Each structure stands twice: as C-alpha cells, then as structure tokens.
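Accompanying notes for the structure given below.
One-based numbering, in listed order, for ligands and for the atoms of each. Residue numbering restarts at 1 for every chain, and letters A, B, ... go by the order of the sequence lines. Hydrogens, waters and symmetry mates play no part in the numbers below; they use all other heavy atoms, side chains included.
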Amino acid sequence: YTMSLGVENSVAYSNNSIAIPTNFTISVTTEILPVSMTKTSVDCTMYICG
Amino acid sequence: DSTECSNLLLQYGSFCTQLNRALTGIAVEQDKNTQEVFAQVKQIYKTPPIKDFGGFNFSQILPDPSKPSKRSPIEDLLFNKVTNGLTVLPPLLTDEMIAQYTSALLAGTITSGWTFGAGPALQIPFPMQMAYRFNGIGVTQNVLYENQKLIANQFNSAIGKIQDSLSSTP
Amino acid sequence: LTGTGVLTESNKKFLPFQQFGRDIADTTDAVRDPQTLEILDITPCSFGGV
Amino acid sequence: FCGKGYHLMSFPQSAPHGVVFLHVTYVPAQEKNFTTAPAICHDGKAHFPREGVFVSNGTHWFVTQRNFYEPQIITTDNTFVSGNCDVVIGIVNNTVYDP
Amino acid sequence: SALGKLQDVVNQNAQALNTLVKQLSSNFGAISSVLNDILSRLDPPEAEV
Ligand SMILES: *[C@@H]1O[C@H](CO)[C@@H](O[C@@H]2O[C@H](CO)[C@@H](O)[C@H](O)[C@H]2NC(C)=O)[C@H](O)[C@H]1NC(C)=O
Ligand SMILES: *[C@@H]1O[C@H](CO)[C@@H](O[C@@H]2O[C@H](CO)[C@@H](O)[C@H](O)[C@H]2NC(C)=O)[C@H](O)[C@H]1NC(C)=O
Ligand SMILES: *[C@@H]1O[C@H](CO)[C@@H](O[C@@H]2O[C@H](CO)[C@@H](O)[C@H](O)[C@H]2NC(C)=O)[C@H](O)[C@H]1NC(C)=O
Ligand SMILES: *[C@@H]1O[C@H](CO)[C@@H](O[C@@H]2O[C@H](CO)[C@@H](O)[C@H](O)[C@H]2NC(C)=O)[C@H](O)[C@H]1NC(C)=O
Ligand SMILES: *[C@@H]1O[C@H](CO)[C@@H](O[C@@H]2O[C@H](CO)[C@@H](O)[C@H](O)[C@H]2NC(C)=O)[C@H](O)[C@H]1NC(C)=O
Ligand SMILES: *[C@@H]1O[C@H](CO)[C@@H](O)[C@H](O)[C@H]1NC(C)=O
Ligand SMILES: *[C@@H]1O[C@H](CO)[C@@H](O)[C@H](O)[C@H]1NC(C)=O
C-alpha cells in the first residue's frame, strides 16, 4: 500500500476562538540511547600470523 | 559475467557481504534521517479555507493548489534551483510526502502555535500567538497589538525578500 | 595437522566417522588421535595483553 | 528534547551498553472552545493580561492561564493598562473590577 | 522491540567480530588458509609468496 503519513486533522481556526485545556495527562515516555560498545582489542601480529 | 573472476572472488571471503551490509546500513539510515527530520507529527493538519491571519500572509510558504505537486512557491523555487552493478534506491518518503509533512507542520504552527508539538492542537488567533511569542522574548503584548499592521507588513516584506534572494543568488 | 595448545579429555560425543572438530575460525578445536581412537579436546594455551 | 509534551522531570535507568530516560511530561487534555479577545476596553483604557489570556464562556469575560482553564475575574491586579481602545484591532468592551 | 537500539549495537559489534574471525578461513588466492600447512609443506622462497 501507499503509506499514510497520519490521520487527517482540521484545526478549527478563527480570529476569535481559543482552545484552553481544562485538564492534563501526566505522560511518561522512554528514550533509549546507546552509550558504549564492547571494548575489544586485536593482537594484530598473532591474528595475522599466530 | 566472468565465471573465472567470480571463482577467484570466492577466495576473498565475505568482503562483498561487508560492503553490501555497510551500504544497506547507510541506505536505511538515510530514511531514518528523513523520518526524524520530517515525521514529527502524527496528525496531518490543513490550513483553513479563509486565510484571515490578522494581516499575516503565508502564501509563499503555504502549498499552491494550482501546482500538481502541491508545493509552495519557495519550495518549488528550491526544487527548481537544485539540480555496472550500481543501483540507486529510491527514498522511502517521496517529495510529495515530504511536502505534505511540511504542510502539516506549517498548518499546525499557523493555526495552533506550539501547542500541537506538545499534545493536541489548540486553535489560537495568529496575532495572539505572535503576542505569546513576543512575551517569549521579553516584549509586552501591547507593543504587538498597537503595531499589528506594521508587524504584519514587515513579515510579508521579509518573506517576499527571502523569495527574491533565493531566486537571484545562485 | 600442526597446531599448538593443551590436549585434554573431551566430553563431546563424536560420531565414529568423525575425526576432528571445528570452530568458527577453522583452527582445530578437537581431534581423535591415531592408535587409540580417543577424542582429545584442543584448547590453545592462555594468551592476553600485557 | 526530553520527551513529547511540556517537560517536568526525567529519570535515568541503567541499561546494557546504554541508558534509558523516563521523561515525565505534562500533556494537556480535554480542551474546550472559548471566545477570546486581545484586550478589554474599560473607561477608554485598554487592559491586557499580565500572565494569561482573555476568554469568554458566552456571557462573562474572564482571564485564565494559558495552559490550564482557570477563569478569574478580570481585575486591575491581573491586567496592565496601555493606551486607549482606538488602536487595538479586535478589542471588546467589558468592565474591569477594582478591588 | 523496545530495546532495539542497544540490541542493534550489540548485534553489529558481535557480527563484525564474527566476520573478522571468519575471514581467517579464506586463503586469499594462496594454497591454504592455514599458515601451519604452508610452513610444513613448502620451501621458503614459495612459502614467502
Ligand atoms: C470548536 O468548535 C469547532 C466548530 O465551531 C469544532 O470544529 C468541528 O469539530 C468537529 C469534530 O472534530 C468536526 O466534525 C467539524 O468539521 C469541525 N468544524 C470546523 C468548522 O472545524 C471544534 O471541534 C470545537 N472544539 C472543541 C474543543 O470543542
Ligand atoms: C481530569 O482527568 C482525570 C483523568 O485523566 C480525571 O480523573 C478521573 O475521574 C473519573 C471521574 O471522577 C474517574 O472515574 C477516574 O478513575 C479518574 N482517573 C484517574 C486516573 O484518577 C479527572 O476527573 C479529570 N478532571 C476534570 C476536572 O475533568
Ligand atoms: C498575500 O500575498 C500574495 C503574494 O505576496 C498576494 O498575491 C498577489 O495578489 C495581487 C492582487 O491580488 C496580484 O497582483 C499579485 O500578482 C499576487 N502575487 C502573487 C505572487 O501571485 C495576495 O494578494 C496577498 N493577500 C492574500 C489575502 O492572500
Ligand atoms: C460563565 O461563567 C459564569 C461564572 O462561572 C457563570 O455565571 C454564573 O452562573 C450560575 C448559573 O447557575 C449562577 O448561579 C451564578 O450566579 C453566575 N455567576 C455570576 C457572577 O453571575 C455563567 O453562567 C457562565 N455562562 C455559561 C454560558 O456557561
Ligand atoms: C465600546 O464602548 C465605546 C464607548 O462606550 C463605544 O464607542 C461609542 O460607539 C457609539 C456607536 O457608534 C458612538 O456613538 C460613540 O460616539 C462611541 N464613543 C466613543 C467614546 O468612542 C463602542 O462602540 C463600544 N464597542 C462595542 C463593540 O460595543
Ligand atoms: C595401532 O594403530 C592402529 C591404527 O592405525 C590401531 O588400530 C591399533 O589399535 C594400534 N595398536 C596399538 C597397540 O596401539
Ligand atoms: C474577525 O473577522 C471578522 C470578519 O470575518 C470581523 O467581523 C471580526 O471583527 C474579526 N474579529 C477579530 C477579533 O479580529
């Protein structure tokens, strides 16, 4: 299929209407960030030659 | 298509696998880059039919319904001014999809300010949004409301000069 | 077949036709010795960085 | 930068070869339409909100903070005066209570 | 798939290590990929090649 970018939304804009939130949601979201790799070393001489 | 060359190439191990893997990683990373830049909102916003934004004029940055690609004049100017086993993979997002994402971002920031970036899009008149932004830099609201037509004229002139400067400087 | 390492008793159940064992790197991991048919575990003696 | 919504605080969690952040955010909910004005005209003076925004629930005009509906009587304490009513485009007429 | 980024880092590092280890089994146009066989089979002027 041709993917949808998102659900269509029409904001009811006018020059004298404002939307004020009467409530709130305390949301917690996760963010995963890699920090380090495995510290590896290679013995070049013994890798190439044994 | 040389069979003897390929027979010799099998003696070199998985170099080809490494190169294809690295290029595939780059290829998926490009799409990831485009997603992270543009696909920041999951609601596709549209501008209202009536372009009454308190004198502010966004025609140069809003999409042109006359064009088949639905690009803005500035976007169309940008696209006009930028011109053996190898395959070019098309990007995941087409130019039309990136234009729709940019259009959604523009519609959200015009009709709702910064509210659509932190949750549900909250409609607000544009001179009042710009008065909030004036508050955000330490300038009181009355400085904006008493000079609203002048600020709108300066904004429109600056947008037009941006279009001209892009068009005239290679 | 030439190699360097320690020769120990092995608990790897070889098949009767199977004579030597294999790892990823193709350096020999186990063998069945001649004259005895006994299966020896081959591990290269300790290395590391100084 | 610290999650979707208005950031409140974050909590780090150690992970194998990485870090996980628990971003606590304030996400507004249950929005309600209102009629708004840029300023309130009172005795030939223009009143602008000091911290909030002028809203109307249909009959009365209040001032509320922008991120949470909390209507209050438009007073001289929570509004500041600047100029007259002849300059601001869209100003509406309402009384400003004085304590 | 929540921890996909760390798992991707681990998989790429392990896979690169495994590919590096597997490259020791390629002869690169020589007679054998084992140095001991080349040493025990050939005279030095060809063993050097
Ligand atoms: C504020 O009022 C407008 C209309 O005056 C509402 O917009 C309508 O919303 C419904 C439901 O999403 C749509 O079916 C209509 O097409 C919208 N009309 C217009 C003109 O946009 C809006 O939802 C109201 N907002 C709140 C929070 O009640
Ligand atoms: C604001 O929203 C919260 C939830 O996001 C509402 O709390 C709920 O209230 C209903 C009815 O009182 C209960 O059945 C739910 O169990 C409550 N949920 C939670 C998580 O506590 C709250 O009532 C709303 N407040 C207003 C003024 O609308
Ligand atoms: C917003 O700006 C655009 C362009 O800056 C205005 O479009 C111009 O309209 C006049 C008369 O209608 C034409 O002579 C120009 O050729 C138009 N310019 C272009 C580039 O097409 C537009 O009128 C402005 N106002 C509104 C409300 O859209
Ligand atoms: C707008 O809000 C005001 C204040 O909350 C409302 O005025 C009150 O309405 C109740 C209705 O029973 C009366 O008992 C109070 O005496 C009113 N207060 C004052 C100071 O007059 C008003 O009704 C609201 N309007 C709408 C359309 O919701
Ligand atoms: C807000 O109040 C002012 C002053 O009471 C109104 O201005 C008057 O408007 C009438 C109607 O045209 C004129 O006859 C008066 O001369 C005006 N007086 C002044 C001092 O300007 C104004 O019309 C009111 N606005 C609204 C929307 O009701
Ligand atoms: C000698 O080696 C042969 C394998 O060639 C084996 O079958 C036989 O048992 C061995 N004999 C002794 C006495 O080790
Ligand atoms: C909004 O625009 C209408 C015309 O469409 C006008 O009558 C009204 O005064 C305007 N309101 C504000 C607050 O600018």
Side-chain angles (χ1 to χ4, degrees), chain A residues 13-16 19-29, chain B residues 47-67 70-78 80 106-107 110-111 118-120 122 125-127 145 148-168, chain D residues 4-6 8 24-48 54-62 64-65 67-71 74 81 83-96:
Chain A
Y13 179 85
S14 80
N15 64 348
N16 67 331
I20 312 291
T22 66
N23 208 339
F24 44 79
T25 297
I26 301 305
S27 166
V28 178
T29 58
Chain B
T47 51
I50 296 93
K51 306 285 190 290
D52 178 23
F53 305 119
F56 289 89
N57 193 318
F58 307 105
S59 59
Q60 300 322 109
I61 56 179
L62 285 183
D64 207 335
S66 74
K67 306 302 185 179
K70 295 295 184 291
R71 266 197 295 260
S72 88
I74 282 170
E75 284 177 332
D76 191 359
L77 200 150
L78 297 165
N80 288 315
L106 282 150
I110 280 161
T111 61
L122 302 175
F126 195 78
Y145 289 129
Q148 175 180 334
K149 177 63 180 295
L150 165 70
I151 295 166
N153 287 342
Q154 278 168 348
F155 175 82
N156 301 341
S157 301
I159 291 296
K161 290 188 288 184
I162 283 298
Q163 179 152 6
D164 302 351
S165 165
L166 284 179
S167 180
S168 69
Chain D
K4 179 65 76 176
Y6 302 122
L8 296 166
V24 187
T25 59
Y26 177 105
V27 176
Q30 289 183 245
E31 61 268 10
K32 167 164 188 52
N33 278 345
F34 295 97
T35 304
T36 188
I40 295 302
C41 180
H42 172 67
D43 286 334
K45 292 183 285 291
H47 298 256
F48 303 81
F54 291 133
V55 291
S56 166
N57 71 336
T59 60
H60 297 166
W61 279 94
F62 303 102
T64 182
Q65 54 184 283
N67 298 302
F68 190 77
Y69 182 53
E70 190 179 275
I74 301 168
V81 179
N84 46 4
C85 312
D86 292 328
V87 185
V88 178
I89 298 151
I91 187 165
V92 310
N93 287 0
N94 199 85
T95 180
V96 170

From the options A:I26, A:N23, A:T25, select the one whose nearest heavy atom is closest to atom 2 (O) of ligand 2.
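Residue with the shortest heavy-atom distance to the ligand atom: A:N23.
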
Closest to atom 3 (C) of ligand 3 among B:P73, B:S59, B:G160 (heavy-atom distance)
B:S59

In Å and rounded to the nearest 0.5 Å, what is the CD1 to CD distance from B:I151 to B:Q148?
8.0 Å

Option passing ring pair (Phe, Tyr, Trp, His ring centres under 6.0 Å) with A:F24 (candidates D:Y69, D:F68, D:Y6)
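In the set D:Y69, D:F68, D:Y6, the residue that makes a ring pair (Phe, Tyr, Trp, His ring centres under 6.0 Å) with A:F24 is D:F68.
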
Evaluate whether atom NZ of B:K51 has more than 12 neighbouring non-hydrogen atoms of other residues, nucleotides or ligands under 6.0 angstrom away.
yes

Is there a protein heavy atom less than 4.0 Å away from [atom]?
atom: atom 27 (C) of ligand 3; answer: no
atom: atom 7 (O) of ligand 5; answer: no
atom: atom 12 (O) of ligand 2; answer: no

For [atom], closest protein heavy-atom neighbour:
atom: atom 20 (C) of ligand 3; result: B:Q60 OE1, 4.3 Å
atom: atom 5 (O) of ligand 2; result: A:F24 O, 4.2 Å
atom: atom 25 (N) of ligand 5; result: D:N93 ND2, 2.9 Å

One finds that the ligand 3 atoms under 4.0 Å from a non-hydrogen atom of B:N57 are 1 (C), 2 (O), 3 (C), 22 (C), 24 (C), 25 (N), 26 (C), 28 (O)

Between D:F54 and D:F34, does the ring centroid distance fall short of 6.0 Å?
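D:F54 vs D:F34: aromatic centres not under 6.0 Å.
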
I want to know whether A:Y13 and B:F53 have ring centres closer than 6.0 Å.
yes

Hey, which atoms in ligand 2 end up nearer than 4.0 Å to a heavy atom of D:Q30?
1 (C), 2 (O), 28 (O)

